[PDB]
Structures are given as structure tokens and as C-alpha cells.
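>
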Amino acid sequence: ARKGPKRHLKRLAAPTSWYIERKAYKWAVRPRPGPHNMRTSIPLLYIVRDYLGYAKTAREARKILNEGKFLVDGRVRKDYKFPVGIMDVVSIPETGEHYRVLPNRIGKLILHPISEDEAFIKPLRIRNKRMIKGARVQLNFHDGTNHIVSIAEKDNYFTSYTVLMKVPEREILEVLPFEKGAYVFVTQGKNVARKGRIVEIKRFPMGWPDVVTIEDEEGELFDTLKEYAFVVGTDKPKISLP
Amino acid sequence: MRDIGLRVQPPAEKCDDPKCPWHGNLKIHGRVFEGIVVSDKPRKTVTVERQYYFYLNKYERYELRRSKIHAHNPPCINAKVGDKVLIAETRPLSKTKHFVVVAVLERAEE
Amino acid sequence: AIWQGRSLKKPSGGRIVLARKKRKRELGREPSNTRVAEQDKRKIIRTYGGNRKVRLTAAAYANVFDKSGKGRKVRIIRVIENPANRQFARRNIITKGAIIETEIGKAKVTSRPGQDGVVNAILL
Amino acid sequence: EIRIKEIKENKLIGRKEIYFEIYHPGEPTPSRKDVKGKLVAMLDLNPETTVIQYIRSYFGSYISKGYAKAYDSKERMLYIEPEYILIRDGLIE
Amino acid sequence: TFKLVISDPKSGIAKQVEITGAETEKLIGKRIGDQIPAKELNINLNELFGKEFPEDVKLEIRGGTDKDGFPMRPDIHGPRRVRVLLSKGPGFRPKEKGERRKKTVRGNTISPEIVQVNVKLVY
RNA sequence: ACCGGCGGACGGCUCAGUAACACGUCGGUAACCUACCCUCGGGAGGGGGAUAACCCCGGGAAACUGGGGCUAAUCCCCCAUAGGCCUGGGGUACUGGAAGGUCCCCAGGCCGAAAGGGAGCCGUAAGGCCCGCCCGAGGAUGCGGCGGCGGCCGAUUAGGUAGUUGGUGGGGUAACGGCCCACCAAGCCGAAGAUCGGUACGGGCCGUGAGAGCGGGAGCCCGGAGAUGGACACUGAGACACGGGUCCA
Numbered sequence: 002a003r004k005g006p007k008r009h010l011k012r013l014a015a016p017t018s019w020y021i022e023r024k025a026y027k028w029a030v031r032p033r034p035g036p037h038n039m040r041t042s043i044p045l046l047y048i049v050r051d052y053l054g055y056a057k058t059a060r061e062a063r064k065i066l067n068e069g070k071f072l073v074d075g076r077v078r079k080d081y082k083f084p085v086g087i088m089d090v091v092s093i094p095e096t097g098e099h100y101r102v103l104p105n106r107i108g109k110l111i112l113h114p115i116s117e118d119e120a121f122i123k124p125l126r127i128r129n130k131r132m133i134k135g136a137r138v139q140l141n142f143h144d145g146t147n148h149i150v151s152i153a154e155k156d157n158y159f160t161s162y163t164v165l166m167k168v169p170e171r172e173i174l175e176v177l178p179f180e181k182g183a184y185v186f187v188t189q190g191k192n193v194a195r196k197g198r199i200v201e202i203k204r205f206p207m208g209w210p211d212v213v214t215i216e217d218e219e220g221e222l223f224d225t226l227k228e229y230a231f232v233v234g235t236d237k238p239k240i241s242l243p
Numbered sequence: 002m003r004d005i006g007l008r009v010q011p012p013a014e015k016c017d018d019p020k021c022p023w024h025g026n027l028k029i030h031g032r033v034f035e036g037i038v039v040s041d042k043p044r045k046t047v048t049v050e051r052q053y054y055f056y057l058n059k060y061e062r063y064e065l066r067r068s069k070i071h072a073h074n075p076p077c078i079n080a081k082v083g084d085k086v087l088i089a090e091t092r093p094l095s096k097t098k099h100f101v102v103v104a105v106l107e108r109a110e111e
Numbered sequence: 002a003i004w005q006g007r008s009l010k011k012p013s014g015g016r017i018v019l020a021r022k023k024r025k026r027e028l029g030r031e032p033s034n035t036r037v038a039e040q041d042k043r044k045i046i047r048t049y050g051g052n053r054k055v056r057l058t059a060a061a062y063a064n065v066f067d068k069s070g071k072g073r074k075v076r077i078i079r080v081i082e083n084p085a086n087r088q089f090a091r092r093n094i095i096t097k098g099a100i101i102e103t104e105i106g107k108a109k110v111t112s113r114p115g116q117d118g119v120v121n122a123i124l125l
Numbered sequence: 002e003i004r005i006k007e008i009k010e011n012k013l014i015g016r017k018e019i020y021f022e023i024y025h026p027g028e029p030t031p032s033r034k035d036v037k038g039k040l041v042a043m044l045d046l047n048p049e050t051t052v053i054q055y056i057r058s059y060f061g062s063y064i065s066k067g068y069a070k071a072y073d074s075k076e077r078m079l080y081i082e083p084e085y086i087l088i089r090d091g092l093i094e
Numbered sequence: 003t004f005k006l007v008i009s010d011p012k013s014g015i016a017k018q019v020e021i022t023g024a025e026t027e028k029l030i031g032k033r034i035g036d037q038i039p040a041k042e043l044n045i046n047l048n049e050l051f052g053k054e055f056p057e058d059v060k061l062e063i064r065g066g067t068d069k070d071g072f073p074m075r076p077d078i079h080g081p082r083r084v085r086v087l088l089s090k091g092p093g094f095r096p097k098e099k100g101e102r103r104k105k106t107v108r109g110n111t112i113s114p115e116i117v118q119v120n121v122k123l124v125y
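Listed in order, the protein sequences are those of chains AF, AS, AK, AW and AH.
2 is the number of the first residue of the first sequence in the authors' numbering; add one for each residue after it.
2 is the number of the first residue of the second sequence in the authors' numbering; add one for each residue after it.
2 is the number of the first residue of the third sequence in the authors' numbering; add one for each residue after it.
2 is the number of the first residue of the fourth sequence in the authors' numbering; add one for each residue after it.
3 is the number of the first residue of the fifth sequence in the authors' numbering; add one for each residue after it.
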């Protein structure tokens with residue numbers, strides 16, 4: 002019987018968010034633990050091999066990652082198992098190429114190209130707030146990163162707000178709030194790859210999160226959960242969103 | 002008066018137990034059901050019953066089943082048999098007690 | 002072994018057959034049996050996941066507390082009453098909730114020597 | 002003859018990637034040396050840096066697919082391109 | 003024919019000698035760490051080691067191996083063979099950390115069966 | 001070849017048991033753990049000690065195994081402070097529907113960190129670049145435990161269960177709990193079939209049929225269980241560990 006932690010992942014069981022042929026082979030890259038969840042990330046190796054066609058063989062891909070030619074969020078990463086997850090910015094300076102990771106309407110991830118000037122801004126959902134010794138306020142984002150700030154600035158932030166993060170130097174730029182009428186891009190669910198405006202927030206007790214209702218560009222109304230709602234602008238999207 | 006997060010008024014009695022969700026350290030998280038008290042003999046204990054109809058795919062009729070659940074009866078409310086009560090999942094408490102009464106929707110006499 | 006696991010009997014009564022062997026993550030450990038002595042003797046124990054925990058096998062001093070919240074480190078003379086068992090008070094065993102006699106007087110233990118490794122109590 | 006369907010540029014690897022088709026009506030599938038020495042002409046490439054990976058001979062077709070590399074320096078191909086294909090092209094004994 | 007190996011801390015040099023006859027009876031009943039003047043042991047150590055040695059140079063029994071090859075553990079009383087579970091100590095060479103193995107090792111006391119004896123010089 | 005960094009708790013193989021919260025679904029931890037991975041705030045001092053390899057000799061048929069010489073680190077060890085834990089008192093902010101927790105002050109006690117580096121460029125050098133260490137708070141991977149419902153046959157097996165069922169107070173555990181223990185009570189299950197036996201890993205499915213349905217779980221994937229049978233430890237983040245250990249048959 003099994004006796005502890007896995008180190009493998011068969012191709013057939015891979016998450017449904019990966020545009021990977023499944024019956025060609027049997028063994029895939031098990032992502033190591035990292036910023037984003039299994040359900041909202043892919044190894045960088047597959048990004049290099051499939052989504053960009055730069056490497057045909059994983060050994061060569063790993064070699065190019067060893068050269069450290071790749072800038073994710075303004076940081077080189079050699080780990081060919083890095084979970085590169087949702088709303089990350091991939092930058093290749095050798096090619097001057099910049100994409101943002103975003104899901105599909107179907108529920109799969111694609112690299113939407115973005116302008117270079119946008120490549121330095123990363124919006125982060127405020128997952129939760131906590132008090133650390135010294136009465137300091139630490140905010141845990143959707144991607145697992147953490148930011149420390151003063152007690153006085155605690156009310157500048159609330160959970161479910163979006164912080165436009167300057168990833169190259171880790172500088173907080175703007176805080177989009179969660180209030181009626183914001184512009185929101187969905188992350189998961191049947192309403193994936195939708196962008197609309199908020200009319201109502203459904204306060205649900207008994208273990209069930211807040212169901213926001215989103216009004217699309219064409220005026221059609223639908224519903225999704227709080228955590229799937231990701232604000233990107235007060236009235237228009239501050240980033241190129243398909 | 003402390004909030005349980007369930008739309009129901011709090012019991013008037015304030016008990017000193019550590020196991021009253023209104024008057025103790027324990028929490029609530031999981032489903033909420035409703036049912037009837039069938040037995041109360043063991044101390045601070047209750048067996049809640051629940052009837053429901055189940056569908057037979059081959060016979061297209063309905064089977065009425067009776068399901069029992071053990072739960073803890075805090076003294077503040079003091080549930081008795083014949084009473085319609087509300088039940089919530091709770092921390093494991095005994096060998097079998099894994100649910101707790103939160104209120105008495107309607108006692109026996111009514 | 003010390004196995005803190007399934008009861009062999011169902012709630013109704015039908016005896017339960019085992020289908021697998023015991024698991025080291027599921028076994029427990031011996032009782033500390035903290036006693037009154039002239040010095041503090043303690044054992045540190047490596048635990049599940051590499052944690053640690055210290056265990057008083059003999060206790061000499063106690064941290065009594067006034068209702069105000071001021072603490073006094075003192076000695077422990079003898080245990081008055083052990084509600085957990087009648088054999089324990091007879092054998093100077095020290096357990097949470099026990100009524101103890103120190104130089105100050107009567108105290109009630111509000112800490113577990115088995116897991117904490119120190120004994121705290123409230124003056125009565 | 003040889004007709005190029007595609008030439009792309011791996012800038013992270015400093016290499017040209019060439020997809021092409023070979024017309025060989027009624028005549029056996031060509032040897033590697035000839036296709037290399039004849040493709041070397043019309044893109045102005047150094048023979049050593051250029052490597053051809055696969056020439057797929059289709060069943061019941063006079064067109065065979067072909068796919069090849071073109072590096073920019075001696076060191077990069079040794080560092081990256083594994084020894085076997087160098088042996089197939091003869092670039093290593 | 004006890005094979006006694008005498009080792010010098012001062013020089014880091016060790017030499018083998020043989021013992022038979024009454025001198026053997028002298029070393030029976032002794033224990034590891036026991037001290038004995040070389041005079042009762044009757045070796046011209048000054049000749050073997052080719053150096054001057056004080057007449058009060060003594061020999062201390064330290065170890066050896068049985069006939070079959072079971073050393074005497076200083077921590078085990080008696081001259082017999084007993085099986086012991088060794089996590090460490092003489093006669094046990096572990097490889098993997100925390101590994102434990104059961105072996106049969108002689109107890110400290112010297113016996114006639116023992117064929118190898120080890121002694122260290124002392125001045 | 002050595003201590004030492006890692007791994008050999010994954011993956012490979014099989015279906016005896018097991019009629020079970022083993023399992024399918026949904027919840028479920030505020031009652032867990034967590035090495036390598038990510039983020040953020042802080043820290044990385046002083047001092048001491050060890051023995052392999054190698055050289056001198058040794059046994060036994062072996063397996064295996066002795067003593068003396070000296071030797072290394074991020075090895076071991078003591079202290080420095082943080083820090084970990086527990087309690088009393090007093091307050092205030094965060095999380096959250098919820099509870100209480102977390103935040104701070106005071107008071108009492110035990111426990112209680114680190115590691116530098118091979119090379120190269122500049123710098124006399126230090127230092128910087130690169131890799132590596134530790135404390136604290138999160139995340140993430142994997143796992144622990146609680147639950148409603150679903151899913152066999154027998155009545156020529158009808159009464160069953162004593163830590164049995166609950167309460168008080170503790171113990172041990174990573175963790176809640178009869179898991180255990182001392183006491184206090186008389187429960188709890190069964191004709192909408194317990195108890196007992198026969199039978200049997202559960203699912204995604206597959207064969208057949210116009211379909212209702214009937215029958216089956218071998219081949220892949222997911223979950224569960226095992227290493228001839230039993231039973232018990234050490235190392236460890238993870239084990240009772242196919243290619244590690246101990247006894248019995």
C-alpha cells in the first residue's frame with residue numbers, strides 16, 4: 002500500500018486546464034508546491050514546449066531554463082516544475098515578448114500577449130488579513146504571496162479587494178475596491194473568461210460563500226461566487242482581457 | 002446572546018457547560034438538518050429521527066425510510082421526546098455523538 | 002503497543018473484524034505519572050512530525066497564581082485531592098484539576114504536567 | 002525539388018527552424034547528404050551549423066516531409082543538440 | 003597459543019607475540035582494562051621494540067577476537083558467548099543511521115577459548 | 001572510500017482479508033501534521049570536542065570482526081539573545097454567518113537557532129555578484145480524523161451488546177473522541193430485519209437487450225488493503241518499511 006508522499010503524476014489524471022495530449026505518453030511533470038493551486042497552474046516546462054514551441058524535448062527546455070532566460074513576475078526561475086498560475090506575467094527579454102496567463106471560456110489556460118508596459122503590473126486578490134507580532138498587518142493574496150503593512154494602513158485594504166502589484170520591485174500601486182458596479186473578470190466556473198459589472202452581493206450564511214451577480218457588456222445577468230470574482234477595474238478593465 | 006450563525010433565537014437559559022454552542026467553546030460547521038426526538042434516556046444525549054421518501058429506479062414508486070442520528074442535548078434547552086428540533090454537525094464528542102441540538106422548533110405538547 | 006483506535010464493537014453490538022494492521026501514526030504513548038520529589042526531572046519526547054514535548058516525571062516547584070494575575074514560583078508540599086482518581090492522591094500523583102497543598106496553602110492545578118512540562122495552579 | 006513551408010526563428014536558442022517538402026516523383030527517397038548540400042544553397046547557411054532531423058517518406062505519396070535546424074555557432078549545437086543526430090549527420094564520428 | 007598484539011601509544015607501532023604455557027594461566031580470569039606488569043609476562047619488549055623501556059612498564063588488556071571471531075565487549079560481564087542487540091559499541095559497525103542488528107559477542111572476561119588478545123603499553 | 005546533503009515511506013506487484021464511514025458523492029476540521037517549494041519580517045556571534053580514510057600489527061572456513069597513531073566540515077557539544085510552550089489578570093484591532101481564536105500590556109515558569117561555501121570579476125582586503133543556513137507568519141504539496149446518503153444473500157440464523165450505551169474528571173495522541181483510565185447512571189440496536197453465518201475489495205465501467213432491465217468488477221485510471229502467518233521495535237517530516245532489523249511458527 003502507499004506509505005506517504007507521492008512523487009509522480011500519470012498523464013491521464015492531469016488537470017483539465019492543461020492543453021496536453023494525454024494518450025501520447027503516460028508520465029507528466031508533477032508540479033512542486035508553489036504559489037498557485039494544482040487546479041489553476043501548469044509547470045513552466047509545458048509552457049516552453051507546447052504553448053511556445055521553443056523546445057521539442059524536455060531536456061533542451063530544462064537547458065534553456067538553466068540559462069535563466071525567462072522572467073516570470075520579474076524573477077528568473079530555473080525550476081522546470083514551477084507552477085506558473087493565474088494572472089502571472091511571463092516575460093522573455095531576449096525576445097521582448099510578454100504574455101499574461103488567463104483561463105479560457107472552456108476552462109483552460111492560454112497566454113494572452115500584453116504590452117511591455119503592462120508587464121510590470123500584477124493584480125492580486127486579497128485572500129485574507131492577519132495580525133502579526135509588532136501589531137503589523139499581513140495580507141495573503143490569491144497566489145499565496147504575502148505583503149506586510151502598518152496598522153494605520155489596515156483599513157486601506159479589505160479582503161476581496163484587488164491590489165495592482167509592481168512585481169519587479171514589490172510596490173503597491175492601486176487598490177481597486179469591492180463595491181457595487183466594479184469591473185470584474187471571472188476566474189473559474191461555467192462563467193469562466195467572462196467580464197462584467199456587479200449589481201448585487203448575495204450574503205449567504207450556512208457555509209456558502211458570497212454569490213455576486215455579474216452584468217455583462219450586453220446587459221445579460223448571471224451569477225458566480227465571491228472567490229471566483231476578480232476585480233480588474235472600477236468601470237473598464239485596466240488590463241487587456243479577451 | 003452570542004451568535005451561532007443560524008436564524009433562530011437563543012435559548013433563555015445560560016448554562017455553564019463547555020459544550021453549549023451558545024454557552025461554550027465548541028463551534029458549528031457542516032450541515033443542518035431537522036428532526037424529532039425519539040429517545041432522551043442517556044444523560045445529555047439525544048437520538049434524532051428523520052423520515053424521508055426514496056425512489057426505486059426499477060419500480061417507479063417511493064420507499065419511506067426512517068433515519069436516526071445521535072446528538073448531544075445541552076441542558077439549556079433540555080430536549081424531550083415528541084419535539085421537533087434542529088440539528089447541526091459539530092466536533093466529535095463521544096463514540097457516536099457527532100451532531101448537536103441548536104433549538105427546539107416545536108415541543109411535544111404543541 | 003498503545004493503540005488509540007477503533008472500538009472492536011459496533012454501537013449496536015455486532016463485533017467488528019479487523020481488516021488491516023495497526024498504524025504507528027495511530028498508537029499512543031505511556032502515561033507520565035507526575036510525582037512529588039525534591040527536584041524536577043523531565044523527559045523531552047520527539048513526536049509525530051518531528052515536534053517535541055517535555056514531560057515531568059518528578060515535580061518539585063509550581064507556579065501558583067493570584068486572582069489578580071500575579072504569579073509566585075513556589076514549592077509543592079503534597080496533593081490534597083485528586084478528582085480524577087482516588088489512587089492518585091494516595092501516591093502523590095500530580096494531574097490537572099487536582100487540589101494541592103503548597104506553602105501558600107490550597108491551589109487548584111490548571112495545567113497538565115504530562116504535555117506542558119510545568120505545573121500552574123490558582124490559589125484558592 | 003524542395004519547397005519551404007515555413008522558416009521560424011528561435012531567438013532564445015539563436016536558431017532557424019525550417020519545415021519543407023521534398024518532391025521525388027517516382028525516384029527513391031533522397032540520401033541525407035544530397036538534401037543537406039542542396040538545401041544549404043538557397044538560405045545561405047554554413048553546412049556545419051545546419052542539421053536535418055527528419056525526412057518522413059509518406060506512403061503512396063511523391064511528397065516527403067522534411068524538418069531541419071540551422072544554428073548560428075559551433076558551440077551551441079554541441080551544448081544543446083544531442084550527440085546522436087550529430088552522428089547521423091556525421092558531425093560527430 | 004594466545005596471539006597477543008602489543009600497541010604503543012607513544013610510537014603508534016604494534017607487534018604480535020605468542021603466549022603458551024604457564025604465562026597463559028596468568029592471563030586467564032582477567033578482564034578488559036586489567037593491568038599487568040610485563041615482568042610476570044616475560045617479554046624482552048626492549049628487544050622487540052628496539053628501545054629502552056622503564057622496568058615499571060605495564061600492559062593493559064583492551065580487546066581481541068575469539069577463535070571464531072567474536073571480540074570481548076568491555077560492557078558485558080563473563081567470558082561466554084551471548085547474543086546482544088547492538089546499536090553501537092565495539093564489535094558492531096553500523097552503516098545506516100539508526101540501524102540495529104543482533105549479534106553474538108563475547109563478554110569482557112578473558113577465556114582459554116580466546117585466541118587473539120590486544121594490549122596497550124603504559125609507562 | 002569516509003561522516004555528511006538527498007532518496008530508497010514514490011514508483012513496480014497482487015485481491016487473501018475486509019460486509020467496514022474500506023469506498024462514490026457531497027460537507028468536514030475553529031480538533032491535525034507537514035522536509036524539499038513560494039512569499040513576507042527578522043537573525044546567522046563566541047567557545048569547545050569527536051573519529052573515519054591512511055599506517056602498525058589480529059581472528060576465524062566464513063559471515064563478520066579487534067587494538068594503537070593522528071584527521072574534516074554546513075558533524076557533535078555549552079553559552080549569548082531571540083524564539084517555543086503553559087497559566088493568571090487586563091485590554092484593543094484582524095478573520096469569519098457563526099463561535100472563540102489571533103493582536104497588545106502586565107505577571108509566573110520550563111524549554112530554547114543558525115553555516116557558511118567551490119570557483120570567477122572588481123576591490124590590498126572586507127564587501128557585492130551566485131549557491132547554501134536559521135527563527136517567525138502565511139501559502140502551497142501530501143496526509144490525519146468527523147458526517148448524511150448510495151451500494152449483497154440467508155429466518156430450517158430472533159433476540160443482541162459490559163468500556164455495552166451515556167455523564168463527571170483526567171490520561172496519552174499530531175489531533176477531537178471510551179482511544180484509555182477512576183467514578184457516577186441504565187442505556188443503545190433488532191420484524192422500514194439486529195445478531196450470526198454464506199458470500200465479496202469499492203467506483204469510473206463492461207456484455208446483452210428495441211428499451212424497462214439482467215448479469216459481471218480480469219485487462220487502464222482513481223480510492224482501499226497486503227508483502228509465507230503472526231507479532232514488535234529503531235532511523236526518521238513521512239514506516240511498522242517487497243529489494244532495512246528482532247522473535248515465534
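A virtual CB, placed ideally from N, CA and C, is assigned to each residue, including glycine.
(1) Given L92/AW, which residues of its chain have a CB within under 6 angstroms of its CB, disregarding the five upstream and five downstream residues?
(2) Looking only at its chain, what residues have a beta carbon closer than 6 angstroms to the beta carbon of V86/AH, apart from the 5 residues adjacent to it on each side?
(3) Identify whether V36/AW lies in helix, strand or coil by the three-state DSSP scheme.
(4) Which residues in chain AS have a C-beta closer than 7 angstroms to the C-beta of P206/AF? List them in chain order.
(5) For the beta strand (DSSP E) that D90/AW lies in, which residues bound it at each end?
(6) Where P76/AH and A38/AK are concerned, what is the direct C-alpha to C-alpha distance, given to the nearest angstrom?
(7) Residues of the stretch 19–35 of chain AS in Cβ contact with chain AF at a cutoff of 9 angstroms, in chain order, please.
(8) Pull up the distance between the alpha-carbon of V102/AF and that of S151/AF, whole angstroms please.
(9) When DSSP labels each residue in this structure, what does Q5/AK get in the three-state scheme?
(10) Determine the direct distance from the alpha carbon of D117/AK to that of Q37/AH, and round the result to whole angstroms.
(11) According to DSSP, is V119/AK part of a helix, a strand, or is it coil?
(12) What residues in its chain sit with their C-beta under 8 angstroms from that of residue 1/AK, if we drop five residues either side in the sequence?
(13) Listed from N- to C-terminal order along the chain, which residues in the stretch 37–57 of chain AW have their beta-carbon within a distance smaller than 8 angstroms of any beta-carbon of chain AF?
(14) Short of 8 angstroms Cβ to Cβ, which residues in the stretch 11–26 of chain AW face chain AF?
(15) Three-state secondary structure (DSSP) at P16/AF?
(16) Closest by CA to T3/AH, which one among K12/AH, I15/AH, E20/AH?
(17) Between which two residues does the beta strand (DSSP E) holding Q54/AW run?
(18) Could you say which of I53/AW, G27/AW, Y63/AW lies nearest to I88/AW if we only look at CA atoms?
(19) In chain order, what residues of the same chain lie with their CB nearer than 6 angstroms to the CB of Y55/AF, ignoring the 5 residues before and after it?
(20) Should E82/AW go down as buried or exposed, given a rule of 16 or more other Cβ atoms within 10 Å for buried?
(21) Who are the near neighbours of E102/AK in its chain, counting only those whose CB is closer than 6 angstroms to its CB and skipping five residues on each side?
(22) Quick one: which chain AF residues come within Cβ less than 8 angstroms of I81/AW?
(23) Kindly indicate which residue of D74/AF, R78/AF, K227/AF has the alpha-carbon position closest to the one of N67/AF.
(24) Out of curiosity, what's the CA-to-CA distance linking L87/AS and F100/AS?
(25) Pull up the distance between the alpha-carbon of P94/AF and that of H37/AF, whole angstroms please.
(26) Tell me, to the nearest whole angstrom, how far the beta carbon of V200/AF is from that of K181/AF; I am working on the premise that it is less than 8 angstroms.
(27) Start and end of the beta strand (DSSP E) containing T67/AH?
(28) Straight-line CA distance for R204/AF to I29/AS?
(29) Is there at least one Cβ from chain AW nearer than 8 angstroms to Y229/AF's Cβ?
(30) List the residues that DSSP assigns as beta-bridge partners of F223/AF.
(31) Would you decide whether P19/AS is buried or exposed? Buried here means 16 or more other CB atoms lie within 10 Å of its CB.
(32) Reducing DSSP to helix, strand and coil, say where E25/AH ends up.
(33) Measure the alpha-carbon distance for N105/AF versus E94/AW and round it to whole angstroms.
A quick look at the data gives this:
(1) Along the fourth sequence, read from residue 1 onward, the residue named residue 92/AW stands at position 91. If we look at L92/AW and ignore the five residues flanking it on each side, it has no Cβ neighbours.
(2) Position 84 of the fifth sequence holds residue 86/AH. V107.
(3) In the fourth sequence, residue 36/AW corresponds to position 35, counting from 1. Helix at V36/AW.
(4) As a first step, residue 206/AF must be located in the first sequence, where it is residue number 205. Those within 7 angstroms of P206/AF in chain AS are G6.
(5) Translated into the one-based positions of the fourth sequence, residue 90/AW becomes position 89. Per DSSP, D90/AW belongs to no beta strand (DSSP E); it is in the alpha helix (DSSP H), 84–90.
(6) By 1-based counting over the fifth sequence, the position of residue 76/AH is 74. By 1-based counting over the third sequence, the position of residue 38/AK is 37. Computed Cα separation, rounded: 35 angstroms.
(7) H30, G31, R32, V33
(8) Numbered from 1 along the first sequence, position 101 holds the residue referred to as residue 102/AF. Numbered from 1 along the first sequence, position 150 holds the residue referred to as residue 151/AF. Approximately 31 angstroms between the Cα atoms of the pair.
(9) Residue 5/AK sits at position 4 when you count from the first residue of the third sequence. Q5/AK: coil per DSSP, three-state reduction.
(10) Counting from one through the fifth sequence, the residue named residue 37/AH turns up at place 35. Counting from one through the third sequence, the residue named residue 117/AK turns up at place 116. Each residue's Cα considered, the two are about 51 angstroms apart.
(11) Here residue 119/AK corresponds to residue number 118 of the third sequence, with the count starting at 1. In the structure shown, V119/AK sits in coil (DSSP, three-state: anything other than H, G, I, E or B).
(12) What is shown of chain AK runs 2 to 125, which leaves residue 1/AK out entirely.
(13) none
(14) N11, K12, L13, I14
(15) Within the first sequence, numbered from 1, the residue matching residue 16/AF stands at position 15. Correct three-state label for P16/AF: coil.
(16) Position 1 of the fifth sequence, counted from the start, is the residue given in the question as residue 3/AH. Nearest C-alpha to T3/AH: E20/AH.
(17) Here residue 54/AW refers to the residue found at position 53 when the fourth sequence is read from its first residue. Segment 51–57, the beta strand (DSSP E) holding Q54/AW.
(18) The residue labelled residue 88/AW in the question sits at position 87 within the fourth sequence. Nearest of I53/AW, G27/AW, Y63/AW to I88/AW, Cα basis: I53/AW.
(19) Translated into positions along the first sequence, residue 55/AF becomes position 54. For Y55/AF, where only same-chain residues beyond five positions count, the Cβ hits under 6 angstroms are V49.
(20) Start at 1 with the first residue of the fourth sequence, and residue 82/AW comes out as number 81. Buried, by the Cβ-count rule.
(21) Working through the third sequence from its first residue, we reach residue 102/AK at position 101. So the list reads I78, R79, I81, once near-sequence residues are dropped.
(22) Stepping through the fourth sequence from its first residue, residue 81/AW is reached at position 80. Those within 8 angstroms of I81/AW in chain AF are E61, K64.
(23) Taking the first residue of the first sequence as position 1, residue 67/AF is located at position 66. If we check each option's Cα against that of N67/AF, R78/AF comes out closest.
(24) To locate residue 87/AS, count along the second sequence from 1; it is residue 86. To locate residue 100/AS, count along the second sequence from 1; it is residue 99. Roughly 10 angstroms between the two C-alpha positions.
(25) Position 93 of the first sequence, counted from the start, is the residue given in the question as residue 94/AF. Position 36 of the first sequence, counted from the start, is the residue given in the question as residue 37/AF. Cα to Cα, the separation comes out at about 24 angstroms.
(26) As a working mapping, residue 200/AF is identified with position 199 in the first sequence. As a working mapping, residue 181/AF is identified with position 180 in the first sequence. Correct: roughly 7 angstroms between the Cβ atoms.
(27) Residue mapping note: residue 67/AH aligns to position 65 of the fifth sequence, counting from 1. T67/AH -> beta strand (DSSP E) spans 60–67.
(28) In the first sequence, counting from the first residue as 1, residue 204/AF sits at position 203. In the second sequence, counting from the first residue as 1, residue 29/AS sits at position 28. In a straight line, the C-alpha of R204/AF is about 19 angstroms away from that of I29/AS.
(29) The residue given as residue 229/AF occupies position 228 in the first sequence. Output row for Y229/AF: interface = no.
(30) As a working note, residue 223/AF is residue 222 in the first sequence. The partner list for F223/AF (beta bridge, DSSP) reads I215/AF.
(31) Position 18 of the second sequence, counted from the first residue, corresponds to residue 19/AS. Exposed, since its Cβ has fewer than 16 Cβ neighbours within 10 Å.
(32) Here the question's residue 25/AH lines up with position 23 in the fifth sequence. In the structure shown, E25/AH sits in a helix (DSSP, three-state: H, G or I).
(33) Along the first sequence, one-based indexing puts residue 105/AF at 104. Along the fourth sequence, one-based indexing puts residue 94/AW at 93. Approximately 49 angstroms, taken between the alpha carbons.
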